[PDB]
Structures are given as C-alpha cells and as structure tokens.
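Report on one structure; see the data block that follows.
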Amino acid sequence: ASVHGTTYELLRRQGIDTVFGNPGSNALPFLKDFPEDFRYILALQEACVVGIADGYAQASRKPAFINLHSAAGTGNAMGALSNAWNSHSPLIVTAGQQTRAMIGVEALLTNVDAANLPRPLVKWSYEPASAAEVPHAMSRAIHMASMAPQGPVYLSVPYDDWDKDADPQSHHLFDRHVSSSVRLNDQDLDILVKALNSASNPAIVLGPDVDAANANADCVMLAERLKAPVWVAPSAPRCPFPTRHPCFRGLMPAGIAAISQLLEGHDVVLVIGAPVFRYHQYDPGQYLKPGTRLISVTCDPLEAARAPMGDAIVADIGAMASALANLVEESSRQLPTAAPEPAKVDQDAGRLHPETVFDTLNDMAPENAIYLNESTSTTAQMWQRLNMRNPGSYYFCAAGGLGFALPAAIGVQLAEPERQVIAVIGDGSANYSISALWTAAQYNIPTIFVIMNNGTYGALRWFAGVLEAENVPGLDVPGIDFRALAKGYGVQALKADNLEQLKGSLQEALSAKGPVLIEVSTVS
Amino acid sequence: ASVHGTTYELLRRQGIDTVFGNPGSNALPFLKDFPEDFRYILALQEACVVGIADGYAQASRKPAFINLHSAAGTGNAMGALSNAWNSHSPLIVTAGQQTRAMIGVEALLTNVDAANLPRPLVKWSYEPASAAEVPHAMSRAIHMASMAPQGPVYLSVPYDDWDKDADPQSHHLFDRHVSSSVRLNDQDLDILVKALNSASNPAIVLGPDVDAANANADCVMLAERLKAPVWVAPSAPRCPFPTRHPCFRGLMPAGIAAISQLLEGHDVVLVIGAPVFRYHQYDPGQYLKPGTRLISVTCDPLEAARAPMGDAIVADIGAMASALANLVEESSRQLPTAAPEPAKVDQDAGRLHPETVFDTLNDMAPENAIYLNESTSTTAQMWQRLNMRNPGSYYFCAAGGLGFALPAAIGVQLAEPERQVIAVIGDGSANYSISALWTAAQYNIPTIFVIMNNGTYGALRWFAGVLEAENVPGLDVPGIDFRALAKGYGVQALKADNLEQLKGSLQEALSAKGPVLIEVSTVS
Amino acid sequence: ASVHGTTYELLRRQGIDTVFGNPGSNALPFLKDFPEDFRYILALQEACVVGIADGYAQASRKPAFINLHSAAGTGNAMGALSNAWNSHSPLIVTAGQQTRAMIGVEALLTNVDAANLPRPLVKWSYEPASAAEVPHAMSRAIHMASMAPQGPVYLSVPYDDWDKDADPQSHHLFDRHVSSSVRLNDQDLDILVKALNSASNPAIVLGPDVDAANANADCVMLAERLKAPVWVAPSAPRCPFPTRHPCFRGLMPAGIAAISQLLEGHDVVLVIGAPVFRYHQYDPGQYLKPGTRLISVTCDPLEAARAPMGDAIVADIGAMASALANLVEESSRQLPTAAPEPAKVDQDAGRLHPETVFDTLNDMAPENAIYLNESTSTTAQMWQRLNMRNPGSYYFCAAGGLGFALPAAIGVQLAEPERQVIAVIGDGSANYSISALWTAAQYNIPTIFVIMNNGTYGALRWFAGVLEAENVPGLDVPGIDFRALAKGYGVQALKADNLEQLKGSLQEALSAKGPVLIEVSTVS
Ligand SMILES: Cc1ncc(Cn2c(C)c(CCOP(=O)(O)OP(=O)(O)O)sc2=O)c(N)n1
Ligand SMILES: Cc1ncc(Cn2c(C)c(CCOP(=O)(O)OP(=O)(O)O)sc2=O)c(N)n1
Ligand SMILES: Cc1ncc(Cn2c(C)c(CCOP(=O)(O)OP(=O)(O)O)sc2=O)c(N)n1
Ligand SMILES: [Ca+2]
Ligand SMILES: [Ca+2]
Ligand SMILES: [Ca+2]
Ligand SMILES: [Ca+2]
Ligand SMILES: [Ca+2]
Ligand SMILES: [Ca+2]
Ligand SMILES: [Ca+2]
Ligand SMILES: [Ca+2]
Ligand SMILES: [Ca+2]
Ligand SMILES: [Mg+2]
Ligand SMILES: [Mg+2]
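First to last, the protein sequences are chains A, A' and A''. A prime marks a further copy of an entry chain.
Take the first sequence: its letters are residues 2 to 525, numbered as in the deposited numbering.
Take the second sequence: its letters are residues 2 to 525, numbered as in the deposited numbering.
Take the third sequence: its letters are residues 2 to 525, numbered as in the deposited numbering.
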C-alpha cells in the first residue's frame, strides 16, 4: 500500500470523512485520487478554511481535518488557530511541504522550520523524518487533537512521501481507541460531594468545555439539586446552560472586582469547564471576597495551573458533570427564581437599536436556532435577549480574534443541517473573513448572516471614550456595501433599514433555500 | 517624557512617519494622541495591513512600520510575513499586548509566548521586560529590520507601558546611524575583477536585492562592460534590469537541469542579489555543467550558506554593484543582440488570451508604470511582454504566498504617486486579500487592479495535468462577481469580455482619478 | 560514494581534520572507518568536549568540529555553548540522532525536536529531511559557523544516513569559498577617517573580535597614528592589544556610569570588535557624557542593533582595522605615556595574595605564554599584572559561564604547541569541567593549571558583602584536594603554600613534559 492509501484508511477508520482545504502544489499527491467516500470543502483563504473546520468540529463534537499549503497557507490561518486554541477545538491541520530533495536549497514553497511556524498555538507540531512514518505521525495528530484538553495540532508532509510504500505494520494504527474520559477517584470525589452538600449558598459557574462535552443537561440537574444560581464564565465562547432556566444568571462581566463582588456571600463556588477566569477589562480588586471558596473542574492542566485562587481538579468535563449531578443530595432550599424578561428598548422608525435586532431574532428564529456572535459592542445585550434552550446554540471567538464567526457559522451549519444558523456579525468583523461567504454559496450551506452596520469599530470607540482617549486613528469603517459583497460571492442579499424591513427580511431569510445575508442599519 | 512620546520621537528621528494598522484595545495607549505629523493607514484585515506596508517598504526602499492587535492580528498576518521574509522587506511589526498585570492569568487578548508566534519568519522577535525598555527595544527593531539582509521584525508591547515614564537616557537612541553599506576588501575585489575580465563567455544573473538596492543601472553598466547576457534569477520577486536592454535574456526557468543547461558554455556566471537558486519545480540534474564556475554576491549569509555550488561573497548589493561596474575592463567582445519581439497570439472576438492582455497593457500603460503579478499561470508570458525600462517596476509574492499583490499594489502606489500601478491578479488570488480594496477607496490611492478571470486555479490544474493526476478536488472557483466585490469596497468597476472592451476599460481606468478594478474574461 | 565518504571529503576539503567528541551509538556509523588523516580528541563530558573545541577554534582562528550524542550529550554542552555564542566561536556541533525508523516511536536515544534543543545559543540549527541532504546540510553548517559574525551551529544526523548513497552532485560543495571579508564603502569610509583625523581627543576601545581577527597590530598602528589611549571593552573574553604598549589603559570597568566617566572629555570614541557594552554590575548613569560621540565597528548586527548609543558600522573587523590603520593621518599630538608599573603587594611567608601569583607568573612565564582566566574575584589584578605582548594571549569565559577555562586551555594548547598555556582557575570554577584534565593527560597536551584555592566562591562573597546581604547559603567550597583530582586523571600535581613553594612549583611546571596542576593556597 502507498502512504496515501494507508493514510486515508487511517482517517476513515478514525471517523474522518471531510477535508477542509485550500489547495496547492505541495499537496497535489495527497489530494489526487481523492477517495469517493470523502468530501472536500474548499474555501478561498486559509483563515476561512480553518474557521469553517473549527465551527464544524465544535458543533460536531469530533475532530475536523484541514489541508493547507506550506508556510503561506499555514500563516494565513494563524489568527484562526489562536481562537481554536482558546476553544479547545480538535483540529488536525496538515500542510503540504516541498519534496524532500528540494528542502535543503529552500526552493520556492519550502516551509522552513515548519514545526515551529504554528507555535505556540498548537498542542503538537511535527514533520516526519521519513515517508513511511507519515501514517504514524497522522495517528499521533489525530489522538493529540482529540485527547483532553482538545486542541489544534499541526503536521507538515513533504510532497514526495505520499506515493512511497507504507509500512505494512501501520495497520495497527487503524483501530486504536484512546480515552481520556476520566473522573476524580471515589474517595476524593466523595469529599467534593460532601463539600457541595454542606454548602449553605453555593454558586455554579460554567464555561465552554461544558457545551463541548454536551454536559449541559447534567449541569442543569446539578444546579437543580443544589438549588444554585448558574453563571456563564466571562468571555464565553459557547453557551453551557439553558438561558431561561430559573437558575440562570447570565454572562459574568470579565473583570476581577466585578466577579468577586458577584460571588460575595456564596460560600462555595463550583466552576466547571472554564478557565479561572478569562478576564478582559482592567478591573482590579480581590480575586474572591472573604467567605468564598472556589473549586474548579477543568479538562486543561494549563488552566488549573494558572488560576490565581481555588482548588482544582483536572478531569473530563462530561465524566465529572455526570458523576456530580448523580451523586449530590437534593437540597431542601428553594429553587432560584428565574431572571425577569429584559426590557424592550424604545424603537422609532429609523435605524435599529441592537436590542431590537436581538429581540426580533428571538421572536422569529426557531427554538433550535444556533447563533454566532462577532458584534463586539453588543454582546451583553445578546446574552440577555436570546432564549437558547438547547446545547450547541452559541459561538463567540474564543481568543477574541475577529474573522471567526462568518466562516465558523458555515461549518456549524454543515454540522447541524436541521438547525438554522444565524451569525450576528459587526460591519468591522465581517471583513476579516469575507471570502468565506463563497463556500456557503458553492455548497448551498444555508447560514443566515446578519451584518450589524453601525459604520464603526464600536467596541473600540466605546473603550476610547471610557479612557477619554483623544485622537485615536482608524476606528471608523465607512463605505462598505455588504449586499454588494454578498452578490460578489453568490449569496442572496437583503437590507433592513428599519424594524419593518428587518422583520420582512428575516421572514424571507428564514424561508430561503440557500444562504442569505441581511445588512442591518444599526444605531451608531 | 512618557514612553509614548519618546517612542514617537525615535520613530520620527529615524524617518518613520506612517503607521500601517488594524487597531485593537491593547494598542489604544499607543494610538491615542496620535501625532499630527504621522499618517495612519487602516486596512480591514492584517494580511492586508502587512501586504500594503510591504509594497510601501519595497518601493520606498525604507522600513515600514506596522501595528497589529495581539496574537490574532499577528496570526492573520503570518502568510504576508512569509513573503516579506523572502523579499528581505524591512518591516517593523509591532503588536499590542495585554497589560502586564493581566498577562499571568492569560486574560482575553493576551499574546501568549508572544516572541515565538512569528518565528521563523522574522529576523528578531521580542517582548521587553519593562516599560522603560520599550524605546530601546524599538530602536533594536528599527535597526534589525534595516540592516542587510533586510527583513521583518516583531515587537510585542504591553498596553500599560506607553503611559509610563521613559528613561531620559533614551535620547541617545534618536540619531543613531547604523550602516551595513560594505563591500569586499580591495585585495579580494581585485581578484574577482580579474576573474571577470579574464572570462571568455561570462553570464550575469540578477535577483531582487539588485532592485531593492537600486543597483539596476550599475548592473546595466557591468553587463555592457563585460558584454554579457543577463538573466533574472528564478521565481523573481522584483525586476532588476531593463527588459528590452540588448543583454537581457529573461526570467530563468525555476529548475535545476534547465538552469545548468542555460548556463552551459558560460565559463563564469556572476549571480548578484539572488539566492542560488530559488528553484520551484522538480527538474533533477546537474547544478552546473562542466566548464561553468559560479560566483555569487549576496546580502544574506543564509543564502550564501545554502547555495549548492559556487563561491560567495556576503556584502551590500548596492556597494558591490557600484564597485564592480566601475572597476571591470571594457571587453572588446560584441555586445549581445537584443531578444526579438514576442509573437502576437491569434485573438478572436471572444475571451482574452493572457498574452493579449499583456500586449495591450504594454501598448497603453505609461513607460513608468509599475506592475504586480499574482496571475500564477501566466508569469512567463508576462515577463516576455512587458517593457519595464525603470527600476521598481515589478513585484511578485516572494514566497509564492497568495494575497500579496492586491494589498502590495496599494502600498506601492502610495510610495510612488506619480507612477501608475497596475496589478494583474488571478481570480483565485484576488480573494485572499480582497478587503484591501477598501483602503485604496478610502485613501483614494489610484491603483488599477486587472483581474484575470479564468474561473479556476489554473496553475494547479496545469500541474495536475502534467502529473496526470486525476480526481483532484478544489481546483475551480466559479461564481465570483469581481465588479460586485469592487462595489462592495467602493472601487470603480469595469468589465472586459473581449479585446475591444479591454482597450476601452483600460482607457477609462488610466484616466480615472481613483482606484479601478477591471474584470477580464480570460481563456480557460 | 556514501554519505559518510562524501561528508568526510567535504570536511577535509574545507580544512577540518580534527573531531572533538564524546561517542555514542547514534554516531557509530559516522565514527566507524574513521579516516587516517583525521584526529579524534576524546573528552569525558560534553561541556569539556565543547570547551576544548572552543579554545582550539579561538586560538586557531578557524572552525572546530564536534560530535556529541543525542539530546543528553548536546544538553550537557549547553553551558559551554552559552560562552561560545558570546565569543563568536566558529563551532560546528553535530549530534547523533536515532535511526529514522525509530524516531516516531521516540525510542531511547531519540533527540526529540532536535533543532530546537540548542536554541537560542546557535546561529543555525537543523536536522536534514533525508540522508542525501546530509552533505549539503554539513556545508551549510560549516559556512554558517564561519561567516561573520562567527558562532556555533548545530546539525542533528540520524544514525542510518551515513551508509546511504550520496548525491554525486554533492561534489560541488567541496571547494566552495564563502567570504565575509568586507569593509565600509569608500565614500563613507572617507567620512569616518575625516572624523577620526579631526578629533581633538580621540579614544579607542577594543573587544574580542579584534583578537579573533588578528587585527591587534593594525589597532596598534591606528592608536599610534591617532595618538589615542586604548581600553579593552568590559567583561573581556580576549586581549586585543599589547598590555605594556604606551597607549594601553587597561580593562574598562563593566558599569554604565564608570564607562561614561572614563570617556568624558574624549570627543570621539571609536569602539572596534566589541558590543557596546558588555556591562555587568548595576551602575546607573549616563551612557555617554555631553561632548562624547561614539562610533562602533562590529562584525555582528545584533551588537549594532542593541547599542544604546552611537553610530555603528557592521563589517569585518580585520578588513576595517587594516583600512583604518592605513588611512588615518599621523597626528602631531604627543603619544600617550605608558601606565606605570603596578604596585607590589606586601607578602608574608604565608598564603598567597593573588597579586603575588600574577606577579610571579609574569616574572617566570615565557613572553609568548597564553593565559586563561577563571579566577573570578581576581580579574582586575590579573589584567594589570600580566605583560601580554602578543595576540592570542588571554581567554576568559565570554558569557561568564564557569567551566570554560580548564577545557579551553587544553584546546588552546593543542592549537599553539609552541606557546606555553597557563590557566589560572579558582577552586570553585575548577570543578565545573574537572574531567577535562584527563584529555590533557591522555594526549600529553602540556597545559599548566594554576588553581587559586581560597576555599570559597569569592566573587559571590564579595558581592554579598557589597549588598550587605546576610544569610546567603552555598558560598563556601571547603574540602577539595586538587592534587588528588589531578592524580585521579593522570596529571602531575604540585602544591604551593607560600611564595617559595610557588616559585619552585612554577619552575618545575615550566620544565615538565606534560600537563601540570599547581594548587596554590591563596588569601581568603
Ligand atoms: C483580528 C483582530 N483584529 C483586530 C481586533 C480588535 N477589535 C476590533 C477591530 C473590534 C471592532 C469590531 O467592530 P464591529 O463593527 O465588528 O463590531 P462593533 O461595532 O459592535 O464593535 S473589537 C476588537 O477587539 C481583534 N479582536 N481581532
Ligand atoms: C496562500 C496560498 N494558498 C494557496 C496557494 C496555492 N496556489 C494556488 C491556489 C494557485 C492558483 C491561483 O489561481 P489564480 O486564479 O490566481 O491564477 P491562475 O488561474 O493563473 O493560476 S497557484 C498556487 O501556488 C498559495 N501559493 N498561497
Ligand atoms: C556555570 C556557572 N554557575 C555559577 C556561576 C556563578 N558564579 C560563581 C559560582 C562564582 C564563584 C567562582 O569561584 P572561584 O573559586 O572560581 O573564584 P573566586 O573565589 O576568585 O571568586 S563567580 C560566578 O558568576 C557561573 N557564572 N557559571
Ligand atoms: Ca419577544
Ligand atoms: Ca452532523
Ligand atoms: Ca461596527
Ligand atoms: Ca505592441
Ligand atoms: Ca514616495
Ligand atoms: Ca484563475
Ligand atoms: Ca616583576
Ligand atoms: Ca596550530
Ligand atoms: Ca575561590
Ligand atoms: Mg511560530
Ligand atoms: Mg532550547
């Protein structure tokens, strides 16, 4: 067998059937003879390739396979890899390298020092020392991406390796099963359970690894047993809990003092599947107030090590959430009361307040919609206004890197064909990965793109105003016609200049058979 | 003085007056109070920021200054940095980092292990250990980028450093002059000159560092004295010689055997300002035929070390070319005969042959036009059909990384306002950095963009055919409306479906006052 | 030809005939069939291997070739590489790697991520992608080590590569000549010369790259023409000037304020072949006083970039010193007056003051002796008391890394068999690389080792006293019998408890036919 045939067999046997890519010559011997049972998804720029793959992996809860071209292709994707690192996305990034005989002279298209290029944004990065090693290296990549804490990996393969003979002993790779589905030993788990049962006013904080693990329902049971309020950890990449459940208390503000104030009076705070904490703004103060103890369950040693406070347990989130939910006592305390309905913001017949948009989306979208957010000045309002009952309903760039939501929304929609995906993207953010729209058109992936057009990098203008910072250049983005960009890439385009037009356009978009972009004129 | 004021003073004193950027919050304390004598050039994605800066630096023959946001912004630019490495572009890449007090907890927007992120594509990469070090680190960056061999550098600066007090002793940085304008010692230079004078059939090969050094005219004198044919080294990023000079012999094919055959019978081959050699295709054979000696002059130790053949001298190209041109004897041999006019390809009233496009551009463009090439299946024909008399007339992605020409053409046009820039870009390549078009519109930088629309990744289809490779996915890019994309970003848009429409559109574009995109229907 | 035969041919053709090594199995296919015209120098630990090679390279002014075993051998040498980086030592470090078929499984003796292991202490680090690339990679290593600024490089080679067929086209590597012997262009050199001629009170500062280049005599001529005092730059790794020449002013103190005070009143300070500056102690103040301009000539871009003051020129030190010495005018100013004789310190019939030792060495040693210094509390006195007339007469650990002098003294003595080497090493420092003594015994390399036994890490005790730092552990090293250690490794051993015994032992050592260690009881 050739290295090509053995490698595709390994991929198939390990559950991979899709290649997200942008082709080049170094990968031609990999891509030729492409197997009929595999699908290739082309995108026009590598940030888009990796963003699509990332959304696919996060929504599918399985690894996604990528093929890029050499250093330039890899490099074009490194912003996307920053997000994938922070979201623990299981991405297998392969990159085509020059033929081994041309690497020393540094021929055009040579990826110099290839394994160092994606660092520090990958869990493992490698170039094999021989062709016959390629299947084994691919096995390593698959498992490294997939073991907790999941994350992106990188494998560079010389052009000429694919046609070489494989080692027959590579067959032992095909059906390897590698598990990291582990939980705290019984003795120490019983201590934790007793601490939770004994708490007088517990609180729960959930992060994105809960949604990745599909541990959401277990966390609902846990919260109901403990009669505890539930927050989402700051800078949330995913939504880990039903947002109209009575226990839900919303997105934590991403500041040190704000969080310790929120947690004051709670004697035990159990954090599951989040870093402690993904703060953002400068908000100095106490990490915790006196009388609060924090206990973190995390799938990631790097998270446990860097927490500035609390105990930690490094384990699989799915396994731990299920165990905890089924072991804790039912508290006799009263169940928390649901948060009230958010206020309706006054809206005239002009430009749309973002709150209006979110309220209308919540009114018209299916109950099993999936939302993506890259509307950076409106996140707090979005989190208050969308009733997200189901797992897998929200994605936000986990490293804050813009250019995620537009391509990721296409990958999510590919992963969840029955669930309508609605990406809410600012006019600034929409540009970073604009060319991803073409993939939605070409493959007829029916994502809806809602462009929040305020003409500015609003979150930056806001921050400069808080700072009283004057004479800051580059904060405005006038003169972009998003309907024309959509037309450029073959996607149906609508405008919404007022509330009536927003409802009419959303009605049209929801019944369409293909992707749709709606440009919304929002208040500036 | 603050670190901000000292740093901007250093930049001004060192000749920097322009910041190419995409803003974020980590850089707000750098960008606020932006000096009135500086200009900020915004682009909508960081590949575009760096590509624009790169074209500006290459055409201006001086460093260009960039400011990006953290890891995601840096990462979005890494493909662009691959090209800048290969072109020896002097780019000073700064990236905003989180406040020092938030780096340990890895707050959102922290650039983890920042100095490692752009490696191996930078000459120097650094994060200062204290605020007061920032001016000194900036000095280091400026000089590292600017010393031969020029190249990109990276500096990560925490948000909170800018407002801190600077060290008064930083004033010693302001007027430092650092020179690498060096040439071979007299004794060894006399040996080289004697070897050139004694050659019976010398040949010259020129690469991009000749054009960077503006050594073109000196090389013309050298060629005329030695009565030697002149080739451009393969995979050419720049044009180092007038292409209708009698000695000019064109672009070398990027293959080992092809080049040694071309050089057969030439007893001494002098290579200036090129790697030896930037081969591309697999074309095995002899590096040199018997009877050929090669001597390379390079500004880059890494080039000299990796050449598989020949002697080398590591020195400044400008200094060496000027010395050699003025020291060699006038040979009594006959001056080479100019290459004939290229053939006119038969053209019907339908889709355009690329040869037709290039011939029409050469007919209608000013004699001091500047061309950029990212039409990857048509490069050989382009090089034969454009009369480029002047230095600085050609750019091509030096690492083969697509997404260079569209933004670089804007930066070149900013650098050379009197010289009409014409970027010839394939329909595939145009997508990688499409959003750069907006910068041309916003700043009214009057670049002309010629999109070669054949509906395919033609160079890849070509290569797959040579290989007889079947079932290769992802090679076609149907369904892109480039006039609509231009409209999207505010750039005047024309179509050319046939030769009459090509001439009419070029006539319109050449008289326009702003940027123009022309979508040309080319033969598939 | 095999890769082994081609590689040894390349080495021989490039002037390498000695391998400094500690063997292991991964290198057995390299070391077998060892050519009869090569010499292998074994040392018992890899810090010793590299230190010996380093002294050999520095004294020979040519590259030295090393072979180590995998990661553990490489790692044992990394302290030695820190010194070699700072001294610009041209070292070619090869390390044996596992067979390619065993690298993926990470068999015992695999060097994981090998090229990253020695970073950041090497100029270039590489593992070839195929066996046939090994000769080309070796060529790259040779030239990278040897081009200015010289320095160490690293090449990792899989076991199985050596026996494979080489590429016949590797013959083009054998006789490549690569030059970096360059100087400032004539126009800018004339400006520099005019600035030197016009100075009213010039000063010269020389660093180790002057001695490496054998530019010492040229610098003497330069100093005499300009009638300028000459200092050695701080933390001096080498001696660049005759220390009893009338212009010589000694070792600069390694502090910011001390140096600017020393240079006050000097209108032009010309620094050659040194960083600006290798400060050590905290001594804050002005980099330069008003009225002093500094101009640096350096072979190293990294030095030129980081200087906090002055202009710089990046060029070959040999070429620049020769040009400057022969172009400057003869000043009519008076020649500086020689420094007086140092004072004789009162010495009783007990333990030796270090000043006594140095005075006695200067009295009894040949005029062409070579000294090494790793007696860290006595350096200033050593520099005042030794008349070093000739180039190549002094070495000191260039990164301050102890464990250099003992092995380096053996390599220097191998390089300079007619020049008596005398290493003056503290009792603390002697331990780091003690096993190097065996190589001197086995190869009968007749180095004299003078152990300054004060029972303490004296320079650290001194510093703790300046700090008024109390309760510092680990500063005393009682209970080491150096005569017994010498016996252990086969080296003749003497003691000197008083001045009479010091003279008698030195008389014995100087007439011996093999290496000798003298343990001197020095004042504490
Ligand atoms: C790749 C990248 N570049 C720049 C930024 C900086 N950035 C920028 C540019 C923001 C403005 C986004 O504007 P928008 O129009 O998408 O949304 P708002 O107007 O609601 O802020 S928010 C922010 O962090 C970033 N996070 N990621
Ligand atoms: C960033 C990146 N991704 C992918 C490639 C691979 N690539 C691709 C995708 C090519 C096709 C470019 O198509 P085009 O339409 O711009 O021009 P032609 O149709 O004339 O080839 S040529 C080539 O090397 C690349 N070099 N750089
Ligand atoms: C490898 C290493 N480890 C530790 C040190 C720290 N060090 C130490 C341990 C010194 C004391 C050396 O003692 P000595 O006996 O050799 O000489 P003195 O008694 O004259 O100081 S000086 C100094 O910088 C070092 N420089 N290098
Ligand atoms: Ca409602
Ligand atoms: Ca699915
Ligand atoms: Ca906006
Ligand atoms: Ca014509
Ligand atoms: Ca200009
Ligand atoms: Ca095309
Ligand atoms: Ca004396
Ligand atoms: Ca010798
Ligand atoms: Ca001591
Ligand atoms: Mg990197
Ligand atoms: Mg290392």
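Note that CB positions come from ideal geometry on N, CA and C, so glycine has one too.
CB contact below 8 Å: residue i versus chain A''
i: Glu134(A); result: yes
i: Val277(A'); result: no
Cβ neighbours of residue i in the same chain (closer than 7 Å, five flanking residues each side left out)
i: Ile143(A); result: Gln15, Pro64 and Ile93
i: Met145(A''); result: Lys124, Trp125 and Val154
i: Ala460(A''); result: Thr377 and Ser378
i: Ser525(A); result: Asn455, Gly456 and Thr457
i: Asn27(A); result: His70, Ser71, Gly97, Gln98, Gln99, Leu110 and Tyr160
Close Cβ partners of residue i (< 6 Å) along its chain, the five nearest in sequence each way excluded
i: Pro230(A); result: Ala204, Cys248, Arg250 and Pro337
i: residue 1(A); result: No information on residue 1(A) is available, as it lies outside the stretch 2 to 525 that chain A covers here.
i: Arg184(A'); result: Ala316, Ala320, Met321 and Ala324
i: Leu328(A''); result: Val194
i: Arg334(A''); result: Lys228
i: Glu265(A''); result: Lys290
Per DSSP, cross-strand counterpart(s) of residue i
i: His70(A''); result: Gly97(A'')
i: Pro159(A); result: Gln98(A)
i: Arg40(A); result: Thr19(A)
i: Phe450(A''); result: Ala424(A'') and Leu518(A'')
i: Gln493(A'); result: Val517(A')
i: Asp166(A); result: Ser3(A)
i: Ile104(A''); result: None; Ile104(A'') has no bridge partner.
i: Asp477(A); result: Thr457(A)
Cβ separation of residue i and residue j, assumed to be a contact under 8 Å, to the nearest whole Å
i: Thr448(A); j: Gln414(A); result: 4 Å
i: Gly319(A'); j: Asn215(A'); result: 7 Å
i: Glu107(A'); j: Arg307(A); result: 6 Å
i: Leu11(A'); j: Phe175(A'); result: 6 Å
i: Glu356(A''); j: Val346(A''); result: 4 Å
CB contact check: residue i to chain A', cutoff 8 Å
i: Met103(A); result: yes
i: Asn87(A''); result: no
i: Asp191(A''); result: no
Neighbourhood of residue i by C-beta distance below 8 Å, restricted to the same chain and skipping five residues each side
i: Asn432(A'); result: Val478 and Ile481
i: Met148(A'); result: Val179 and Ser181
Cβ of residue i within 8 Å of any chain A Cβ
i: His137(A''); result: yes
i: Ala258(A''); result: no
Where residue i falls, given that 16 or more other Cβ within 10 Å makes a residue buried
i: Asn87(A''); result: buried
i: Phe35(A''); result: exposed
i: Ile423(A); result: buried
i: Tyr57(A); result: buried
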